[PDB]
Each structure stands twice: as C-alpha cells, then as structure tokens.
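Undergrad: Please find one structure pasted underneath; my questions will follow.
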Amino acid sequence: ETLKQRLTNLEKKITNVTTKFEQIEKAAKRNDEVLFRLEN
Amino acid sequence: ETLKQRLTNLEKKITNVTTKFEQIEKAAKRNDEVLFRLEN
Amino acid sequence: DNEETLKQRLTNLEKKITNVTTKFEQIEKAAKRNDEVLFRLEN
C-alpha cells in the first residue's frame with residue numbers, strides 16, 4: 001500500500017462520509033426553516 | 001506538488017465536516033430548547 | 001461497513017488523514033536529509 005494507494009482510499013472514504021453528512025445537513029437546514037415559521 | 005495539494009484538500013474537508021458536525025449538534029439542542037419554550 | 005457511530009468514523013478518518021500527512025512529511029524530510037549528505041560529499 002503506497003502512500004498514494006492510502007491517499008486515494010482516504011479520498012473515497014471522505015467522499016462517502018460527506019454524502020452521508022450532507023443528508024443530515026439538509027435535514028438540519030429544513031429544521032431551522034420549520035422553526036423559523038413556527039417562531040414568526 | 002499534487003501530493004501536498006491532495007493532503008491539504010483532505011485536511012480541509014475533514015476539518016469542515018467536523019466543525020459543521022459540532023454546529024448542527026448545538027443547533028439541534030438549541031432548537032429543542034426553543035420548541036420547549038414555545039409550548040410552555 | 002461497521003456499526004461504528006458517525007463520530008467514531010470521523011475520529012478514525014481524522015487519525016488516518018493525520019497519519020498519512022505525517023508520513024508524507026517524514027518522507028520529504030528524509031529526502032532532504034539524504035540530499036544534505038549527498039551535497040556535503042559533492043559540495
């Protein structure tokens with residue numbers, strides 16, 4: 001496993017984690033929008 | 001050097017995701033507290 | 001993959017990113033050091 005095989009692997013892992021994380025971000029953002037409408 | 005750029009990009013993404021993770025976690029607790037106050 | 005928590009996965013990923021970065025730094029520094037010895041022998 002070259003340094004470069006490790007880098008490539010980590011780039012993939014960060015991409016998978018980010019996609020998953022982005023779904024949480026969208027739901028968090030929707031939650032703020034819902035609260036905003038309930039508050040006002 | 002493309003290795004340096006790759007490493008820098010990977011560091012930035014993991015830092016961005018971990019700081020956003022903390023922010024969203026705080027915001028969800030804060031939203032719960034407001035939602036509690038809206039009822040009571 | 002594993003029944004790790006998101007937090008564990010991210011912590012693990014931070015550590016691997018840190019290890020590979022450190023590894024790259026050590027290799028670069030090692031190369032410099034070899035070059036310093038070669039420089040001293042060549043002037």
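Ligands are numbered from 1 in the order shown, chains are lettered A, B, ... in the order of the structure tokens, and residues start at 1 in each chain.
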Would you mind listing, for every residue of chain B within 8 Å of chain A, the two atoms forming the shortest contact and the distance between them in Å to one decimal, using only C-alpha atoms, sorted by chain and ascending residue number, as CSV?

TA:
```
residue,atom,partner,partner_atom,distance
B:6,CA,A:7,CA,7.8
B:7,CA,A:7,CA,7.8
B:10,CA,A:11,CA,6.9
B:13,CA,A:14,CA,7.6
B:14,CA,A:14,CA,7.3
B:17,CA,A:18,CA,7.2
B:24,CA,A:28,CA,6.7
B:28,CA,A:28,CA,7.4
B:31,CA,A:35,CA,7.3
B:35,CA,A:35,CA,7.7
B:38,CA,A:39,CA,8.0
```

Undergrad: Now that the selection is made, can you save its residues with N, CA, C and O atoms as a JSON list (two decimals), in the first residue's frame?

TA:
```json
[["chain", "number", "residue", "atom", "x", "y", "z"],
["B", 6, "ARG", "N", -3.31, 17.45, -2.51],
["B", 6, "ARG", "CA", -4.25, 16.41, -2.10],
["B", 6, "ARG", "C", -4.38, 16.35, -0.58],
["B", 6, "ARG", "O", -5.48, 16.24, -0.04],
["B", 7, "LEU", "N", -3.24, 16.40, 0.11],
["B", 7, "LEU", "CA", -3.22, 16.32, 1.56],
["B", 7, "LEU", "C", -3.92, 17.51, 2.19],
["B", 7, "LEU", "O", -4.71, 17.34, 3.12],
["B", 10, "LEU", "N", -7.70, 17.22, 1.70],
["B", 10, "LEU", "CA", -8.25, 16.21, 2.59],
["B", 10, "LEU", "C", -8.36, 16.72, 4.03],
["B", 10, "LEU", "O", -9.38, 16.50, 4.70],
["B", 13, "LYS", "N", -11.36, 19.24, 4.21],
["B", 13, "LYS", "CA", -12.69, 18.64, 4.14],
["B", 13, "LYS", "C", -13.02, 18.03, 5.47],
["B", 13, "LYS", "O", -14.17, 18.13, 5.92],
["B", 14, "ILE", "N", -12.05, 17.37, 6.09],
["B", 14, "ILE", "CA", -12.35, 16.69, 7.35],
["B", 14, "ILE", "C", -12.58, 17.72, 8.46],
["B", 14, "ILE", "O", -13.45, 17.51, 9.32],
["B", 17, "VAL", "N", -16.13, 19.28, 7.80],
["B", 17, "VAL", "CA", -17.18, 18.37, 8.19],
["B", 17, "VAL", "C", -17.25, 18.26, 9.72],
["B", 17, "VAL", "O", -18.33, 18.30, 10.30],
["B", 24, "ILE", "N", -24.20, 21.70, 14.03],
["B", 24, "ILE", "CA", -25.51, 21.11, 13.81],
["B", 24, "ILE", "C", -26.00, 20.46, 15.10],
["B", 24, "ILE", "O", -27.19, 20.54, 15.42],
["B", 28, "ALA", "N", -29.37, 21.67, 17.02],
["B", 28, "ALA", "CA", -30.49, 20.79, 17.25],
["B", 28, "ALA", "C", -30.92, 20.87, 18.72],
["B", 28, "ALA", "O", -32.11, 20.83, 19.02],
["B", 31, "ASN", "N", -32.60, 24.34, 19.11],
["B", 31, "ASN", "CA", -33.94, 24.28, 18.54],
["B", 31, "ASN", "C", -34.92, 23.56, 19.46],
["B", 31, "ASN", "O", -36.06, 23.99, 19.62],
["B", 35, "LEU", "N", -38.30, 25.11, 21.09],
["B", 35, "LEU", "CA", -39.57, 24.39, 20.84],
["B", 35, "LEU", "C", -40.27, 24.09, 22.17],
["B", 35, "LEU", "O", -41.45, 24.34, 22.32],
["B", 38, "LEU", "N", -41.73, 27.35, 23.28],
["B", 38, "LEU", "CA", -42.93, 27.72, 22.53],
["B", 38, "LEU", "C", -44.23, 27.10, 23.09],
["B", 38, "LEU", "O", -45.31, 27.68, 22.97]]
```

Undergrad: Chain B superposed on chain A over all ordered C-alpha pairs, least squares: can you write that as a PDB file with N, CA and C atoms, in the first residue's frame?

TA:
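After the write, superposed30.pdb holds the following:
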```
ATOM      1  N   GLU B   1      -0.858  -3.321  -3.312  1.00  0.00           N
ATOM      2  CA  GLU B   1       0.023  -2.145  -3.073  1.00  0.00           C
ATOM      3  C   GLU B   1      -0.566  -1.265  -1.964  1.00  0.00           C
ATOM      4  N   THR B   2       0.248  -0.956  -0.952  1.00  0.00           N
ATOM      5  CA  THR B   2      -0.190  -0.103   0.159  1.00  0.00           C
ATOM      6  C   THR B   2      -0.357   1.359  -0.252  1.00  0.00           C
ATOM      7  N   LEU B   3       0.381   1.820  -1.269  1.00  0.00           N
ATOM      8  CA  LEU B   3       0.134   3.169  -1.781  1.00  0.00           C
ATOM      9  C   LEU B   3      -1.266   3.267  -2.368  1.00  0.00           C
ATOM     10  N   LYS B   4      -1.656   2.292  -3.184  1.00  0.00           N
ATOM     11  CA  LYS B   4      -3.012   2.282  -3.719  1.00  0.00           C
ATOM     12  C   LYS B   4      -4.081   2.234  -2.612  1.00  0.00           C
ATOM     13  N   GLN B   5      -3.864   1.433  -1.573  1.00  0.00           N
ATOM     14  CA  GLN B   5      -4.826   1.367  -0.482  1.00  0.00           C
ATOM     15  C   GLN B   5      -4.915   2.688   0.269  1.00  0.00           C
ATOM     16  N   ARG B   6      -3.760   3.292   0.548  1.00  0.00           N
ATOM     17  CA  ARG B   6      -3.734   4.581   1.234  1.00  0.00           C
ATOM     18  C   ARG B   6      -4.495   5.647   0.439  1.00  0.00           C
ATOM     19  N   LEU B   7      -4.257   5.688  -0.871  1.00  0.00           N
ATOM     20  CA  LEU B   7      -4.892   6.670  -1.731  1.00  0.00           C
ATOM     21  C   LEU B   7      -6.395   6.475  -1.781  1.00  0.00           C
ATOM     22  N   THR B   8      -6.812   5.217  -1.915  1.00  0.00           N
ATOM     23  CA  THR B   8      -8.226   4.822  -1.888  1.00  0.00           C
ATOM     24  C   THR B   8      -8.925   5.221  -0.566  1.00  0.00           C
ATOM     25  N   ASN B   9      -8.272   4.967   0.566  1.00  0.00           N
ATOM     26  CA  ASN B   9      -8.817   5.322   1.872  1.00  0.00           C
ATOM     27  C   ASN B   9      -8.966   6.832   1.995  1.00  0.00           C
ATOM     28  N   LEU B  10      -7.966   7.576   1.522  1.00  0.00           N
ATOM     29  CA  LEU B  10      -7.983   9.029   1.612  1.00  0.00           C
ATOM     30  C   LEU B  10      -9.095   9.638   0.748  1.00  0.00           C
ATOM     31  N   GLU B  11      -9.248   9.125  -0.470  1.00  0.00           N
ATOM     32  CA  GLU B  11     -10.371   9.481  -1.324  1.00  0.00           C
ATOM     33  C   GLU B  11     -11.738   9.208  -0.672  1.00  0.00           C
ATOM     34  N   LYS B  12     -11.875   8.049  -0.038  1.00  0.00           N
ATOM     35  CA  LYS B  12     -13.146   7.672   0.587  1.00  0.00           C
ATOM     36  C   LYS B  12     -13.508   8.585   1.730  1.00  0.00           C
ATOM     37  N   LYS B  13     -12.524   8.982   2.520  1.00  0.00           N
ATOM     38  CA  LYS B  13     -12.786   9.779   3.707  1.00  0.00           C
ATOM     39  C   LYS B  13     -13.182  11.170   3.293  1.00  0.00           C
ATOM     40  N   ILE B  14     -12.502  11.719   2.288  1.00  0.00           N
ATOM     41  CA  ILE B  14     -12.797  13.087   1.898  1.00  0.00           C
ATOM     42  C   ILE B  14     -14.176  13.167   1.230  1.00  0.00           C
ATOM     43  N   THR B  15     -14.502  12.150   0.435  1.00  0.00           N
ATOM     44  CA  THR B  15     -15.828  11.986  -0.152  1.00  0.00           C
ATOM     45  C   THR B  15     -16.914  11.822   0.939  1.00  0.00           C
ATOM     46  N   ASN B  16     -16.689  10.953   1.922  1.00  0.00           N
ATOM     47  CA  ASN B  16     -17.656  10.789   2.996  1.00  0.00           C
ATOM     48  C   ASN B  16     -17.902  12.088   3.775  1.00  0.00           C
ATOM     49  N   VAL B  17     -16.831  12.811   4.105  1.00  0.00           N
ATOM     50  CA  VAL B  17     -16.936  14.035   4.868  1.00  0.00           C
ATOM     51  C   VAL B  17     -17.632  15.115   4.030  1.00  0.00           C
ATOM     52  N   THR B  18     -17.264  15.257   2.763  1.00  0.00           N
ATOM     53  CA  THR B  18     -17.921  16.268   1.939  1.00  0.00           C
ATOM     54  C   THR B  18     -19.402  15.967   1.674  1.00  0.00           C
ATOM     55  N   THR B  19     -19.774  14.709   1.435  1.00  0.00           N
ATOM     56  CA  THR B  19     -21.217  14.418   1.302  1.00  0.00           C
ATOM     57  C   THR B  19     -22.001  14.621   2.636  1.00  0.00           C
ATOM     58  N   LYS B  20     -21.456  14.163   3.766  1.00  0.00           N
ATOM     59  CA  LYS B  20     -22.054  14.471   5.057  1.00  0.00           C
ATOM     60  C   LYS B  20     -22.203  15.991   5.337  1.00  0.00           C
ATOM     61  N   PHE B  21     -21.200  16.783   4.960  1.00  0.00           N
ATOM     62  CA  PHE B  21     -21.202  18.244   5.061  1.00  0.00           C
ATOM     63  C   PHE B  21     -22.453  18.839   4.370  1.00  0.00           C
ATOM     64  N   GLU B  22     -22.655  18.466   3.107  1.00  0.00           N
ATOM     65  CA  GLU B  22     -23.863  18.843   2.373  1.00  0.00           C
ATOM     66  C   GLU B  22     -25.192  18.416   3.052  1.00  0.00           C
ATOM     67  N   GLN B  23     -25.266  17.169   3.514  1.00  0.00           N
ATOM     68  CA  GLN B  23     -26.436  16.624   4.191  1.00  0.00           C
ATOM     69  C   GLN B  23     -26.803  17.434   5.448  1.00  0.00           C
ATOM     70  N   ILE B  24     -25.805  17.755   6.265  1.00  0.00           N
ATOM     71  CA  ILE B  24     -25.988  18.445   7.534  1.00  0.00           C
ATOM     72  C   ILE B  24     -26.418  19.885   7.270  1.00  0.00           C
ATOM     73  N   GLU B  25     -25.850  20.484   6.228  1.00  0.00           N
ATOM     74  CA  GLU B  25     -26.176  21.839   5.886  1.00  0.00           C
ATOM     75  C   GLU B  25     -27.672  21.874   5.465  1.00  0.00           C
ATOM     76  N   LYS B  26     -28.092  20.959   4.575  1.00  0.00           N
ATOM     77  CA  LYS B  26     -29.507  20.876   4.175  1.00  0.00           C
ATOM     78  C   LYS B  26     -30.420  20.626   5.392  1.00  0.00           C
ATOM     79  N   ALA B  27     -30.014  19.726   6.280  1.00  0.00           N
ATOM     80  CA  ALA B  27     -30.817  19.354   7.440  1.00  0.00           C
ATOM     81  C   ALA B  27     -30.985  20.510   8.409  1.00  0.00           C
ATOM     82  N   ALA B  28     -29.979  21.373   8.535  1.00  0.00           N
ATOM     83  CA  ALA B  28     -30.075  22.494   9.437  1.00  0.00           C
ATOM     84  C   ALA B  28     -31.065  23.527   8.889  1.00  0.00           C
ATOM     85  N   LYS B  29     -31.037  23.734   7.572  1.00  0.00           N
ATOM     86  CA  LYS B  29     -31.993  24.657   6.947  1.00  0.00           C
ATOM     87  C   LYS B  29     -33.407  24.095   7.062  1.00  0.00           C
ATOM     88  N   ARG B  30     -33.544  22.785   6.841  1.00  0.00           N
ATOM     89  CA  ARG B  30     -34.848  22.117   6.893  1.00  0.00           C
ATOM     90  C   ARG B  30     -35.405  22.206   8.315  1.00  0.00           C
ATOM     91  N   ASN B  31     -34.562  21.911   9.326  1.00  0.00           N
ATOM     92  CA  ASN B  31     -34.965  22.025  10.728  1.00  0.00           C
ATOM     93  C   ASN B  31     -35.417  23.433  11.080  1.00  0.00           C
ATOM     94  N   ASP B  32     -34.667  24.441  10.627  1.00  0.00           N
ATOM     95  CA  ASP B  32     -35.107  25.847  10.803  1.00  0.00           C
ATOM     96  C   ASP B  32     -36.490  26.095  10.204  1.00  0.00           C
ATOM     97  N   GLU B  33     -36.756  25.511   9.040  1.00  0.00           N
ATOM     98  CA  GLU B  33     -38.049  25.756   8.396  1.00  0.00           C
ATOM     99  C   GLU B  33     -39.198  25.123   9.221  1.00  0.00           C
ATOM    100  N   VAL B  34     -38.991  23.901   9.674  1.00  0.00           N
ATOM    101  CA  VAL B  34     -39.957  23.271  10.561  1.00  0.00           C
ATOM    102  C   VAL B  34     -40.169  24.067  11.859  1.00  0.00           C
ATOM    103  N   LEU B  35     -39.087  24.502  12.463  1.00  0.00           N
ATOM    104  CA  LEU B  35     -39.135  25.252  13.741  1.00  0.00           C
ATOM    105  C   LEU B  35     -39.949  26.544  13.553  1.00  0.00           C
ATOM    106  N   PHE B  36     -39.681  27.264  12.469  1.00  0.00           N
ATOM    107  CA  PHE B  36     -40.553  28.358  11.996  1.00  0.00           C
ATOM    108  C   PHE B  36     -42.028  27.936  11.864  1.00  0.00           C
ATOM    109  N   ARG B  37     -42.301  26.809  11.198  1.00  0.00           N
ATOM    110  CA  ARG B  37     -43.687  26.359  11.121  1.00  0.00           C
ATOM    111  C   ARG B  37     -44.319  25.981  12.478  1.00  0.00           C
ATOM    112  N   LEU B  38     -43.529  25.474  13.433  1.00  0.00           N
ATOM    113  CA  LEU B  38     -44.062  25.114  14.751  1.00  0.00           C
ATOM    114  C   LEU B  38     -44.590  26.336  15.546  1.00  0.00           C
ATOM    115  N   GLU B  39     -43.948  27.484  15.328  1.00  0.00           N
ATOM    116  CA  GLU B  39     -44.294  28.747  15.950  1.00  0.00           C
ATOM    117  C   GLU B  39     -45.477  29.391  15.258  1.00  0.00           C
ATOM    118  N   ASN B  40     -45.464  29.381  13.935  1.00  0.00           N
ATOM    119  CA  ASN B  40     -46.433  30.141  13.158  1.00  0.00           C
ATOM    120  C   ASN B  40     -47.521  29.284  12.514  1.00  0.00           C
TER     121      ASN B  40
END
```

Undergrad: Pull out every residue of chain C that has at least one atom within 12 Å of chain A, counting only C-alpha atoms, and report them as a PDB file with N, CA and C atoms, in the first residue's frame.

TA:
```pdb
ATOM      1  N   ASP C   1     -20.312  -1.240   5.787  1.00  0.00           N
ATOM      2  CA  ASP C   1     -19.183  -1.083   6.763  1.00  0.00           C
ATOM      3  C   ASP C   1     -19.638  -1.318   8.221  1.00  0.00           C
ATOM      4  N   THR C   5     -20.273   4.509  15.246  1.00  0.00           N
ATOM      5  CA  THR C   5     -21.073   5.731  15.204  1.00  0.00           C
ATOM      6  C   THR C   5     -20.419   6.670  14.185  1.00  0.00           C
ATOM      7  N   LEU C   6     -21.191   7.594  13.615  1.00  0.00           N
ATOM      8  CA  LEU C   6     -20.635   8.681  12.792  1.00  0.00           C
ATOM      9  C   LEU C   6     -19.434   9.337  13.454  1.00  0.00           C
ATOM     10  N   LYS C   7     -19.570   9.696  14.727  1.00  0.00           N
ATOM     11  CA  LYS C   7     -18.450  10.276  15.461  1.00  0.00           C
ATOM     12  C   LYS C   7     -17.179   9.399  15.404  1.00  0.00           C
ATOM     13  N   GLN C   8     -17.313   8.106  15.732  1.00  0.00           N
ATOM     14  CA  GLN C   8     -16.145   7.201  15.662  1.00  0.00           C
ATOM     15  C   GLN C   8     -15.560   7.213  14.252  1.00  0.00           C
ATOM     16  N   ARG C   9     -16.416   7.097  13.231  1.00  0.00           N
ATOM     17  CA  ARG C   9     -15.934   7.073  11.828  1.00  0.00           C
ATOM     18  C   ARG C   9     -15.102   8.345  11.527  1.00  0.00           C
ATOM     19  N   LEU C  10     -15.586   9.501  11.999  1.00  0.00           N
ATOM     20  CA  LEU C  10     -14.953  10.774  11.693  1.00  0.00           C
ATOM     21  C   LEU C  10     -13.642  10.892  12.438  1.00  0.00           C
ATOM     22  N   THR C  11     -13.642  10.482  13.706  1.00  0.00           N
ATOM     23  CA  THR C  11     -12.435  10.442  14.523  1.00  0.00           C
ATOM     24  C   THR C  11     -11.409   9.517  13.862  1.00  0.00           C
ATOM     25  N   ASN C  12     -11.858   8.353  13.383  1.00  0.00           N
ATOM     26  CA  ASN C  12     -10.959   7.408  12.702  1.00  0.00           C
ATOM     27  C   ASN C  12     -10.380   8.017  11.438  1.00  0.00           C
ATOM     28  N   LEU C  13     -11.237   8.686  10.692  1.00  0.00           N
ATOM     29  CA  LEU C  13     -10.809   9.337   9.483  1.00  0.00           C
ATOM     30  C   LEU C  13      -9.823  10.485   9.767  1.00  0.00           C
ATOM     31  N   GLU C  14     -10.086  11.283  10.797  1.00  0.00           N
ATOM     32  CA  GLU C  14      -9.147  12.329  11.182  1.00  0.00           C
ATOM     33  C   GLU C  14      -7.759  11.763  11.476  1.00  0.00           C
ATOM     34  N   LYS C  15      -7.731  10.619  12.147  1.00  0.00           N
ATOM     35  CA  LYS C  15      -6.484   9.983  12.525  1.00  0.00           C
ATOM     36  C   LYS C  15      -5.723   9.444  11.317  1.00  0.00           C
ATOM     37  N   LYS C  16      -6.433   8.879  10.348  1.00  0.00           N
ATOM     38  CA  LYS C  16      -5.791   8.367   9.170  1.00  0.00           C
ATOM     39  C   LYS C  16      -5.231   9.505   8.300  1.00  0.00           C
ATOM     40  N   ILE C  17      -6.001  10.595   8.213  1.00  0.00           N
ATOM     41  CA  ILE C  17      -5.567  11.772   7.490  1.00  0.00           C
ATOM     42  C   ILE C  17      -4.297  12.317   8.146  1.00  0.00           C
ATOM     43  N   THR C  18      -4.288  12.355   9.480  1.00  0.00           N
ATOM     44  CA  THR C  18      -3.129  12.846  10.220  1.00  0.00           C
ATOM     45  C   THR C  18      -1.919  11.932  10.009  1.00  0.00           C
ATOM     46  N   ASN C  19      -2.138  10.618  10.048  1.00  0.00           N
ATOM     47  CA  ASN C  19      -1.050   9.648   9.857  1.00  0.00           C
ATOM     48  C   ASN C  19      -0.417   9.704   8.483  1.00  0.00           C
ATOM     49  N   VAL C  20      -1.238   9.787   7.437  1.00  0.00           N
ATOM     50  CA  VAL C  20      -0.720   9.886   6.080  1.00  0.00           C
ATOM     51  C   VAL C  20       0.030  11.220   5.862  1.00  0.00           C
ATOM     52  N   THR C  21      -0.461  12.305   6.469  1.00  0.00           N
ATOM     53  CA  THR C  21       0.149  13.629   6.328  1.00  0.00           C
ATOM     54  C   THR C  21       1.513  13.587   7.005  1.00  0.00           C
ATOM     55  N   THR C  22       1.553  13.038   8.210  1.00  0.00           N
ATOM     56  CA  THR C  22       2.780  12.864   8.944  1.00  0.00           C
ATOM     57  C   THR C  22       3.744  12.004   8.116  1.00  0.00           C
ATOM     58  N   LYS C  23       3.249  10.891   7.566  1.00  0.00           N
ATOM     59  CA  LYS C  23       4.088  10.026   6.776  1.00  0.00           C
ATOM     60  C   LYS C  23       4.741  10.794   5.597  1.00  0.00           C
ATOM     61  N   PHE C  24       3.941  11.552   4.841  1.00  0.00           N
ATOM     62  CA  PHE C  24       4.426  12.384   3.761  1.00  0.00           C
ATOM     63  C   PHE C  24       5.471  13.383   4.271  1.00  0.00           C
ATOM     64  N   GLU C  25       5.210  14.018   5.405  1.00  0.00           N
ATOM     65  CA  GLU C  25       6.199  14.943   5.960  1.00  0.00           C
ATOM     66  C   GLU C  25       7.547  14.274   6.294  1.00  0.00           C
ATOM     67  N   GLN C  26       7.503  13.069   6.852  1.00  0.00           N
ATOM     68  CA  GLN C  26       8.687  12.346   7.247  1.00  0.00           C
ATOM     69  C   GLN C  26       9.497  11.918   6.041  1.00  0.00           C
ATOM     70  N   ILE C  27       8.826  11.512   4.968  1.00  0.00           N
ATOM     71  CA  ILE C  27       9.474  11.124   3.716  1.00  0.00           C
ATOM     72  C   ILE C  27      10.162  12.335   3.051  1.00  0.00           C
TER      73      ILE C  27
END
```
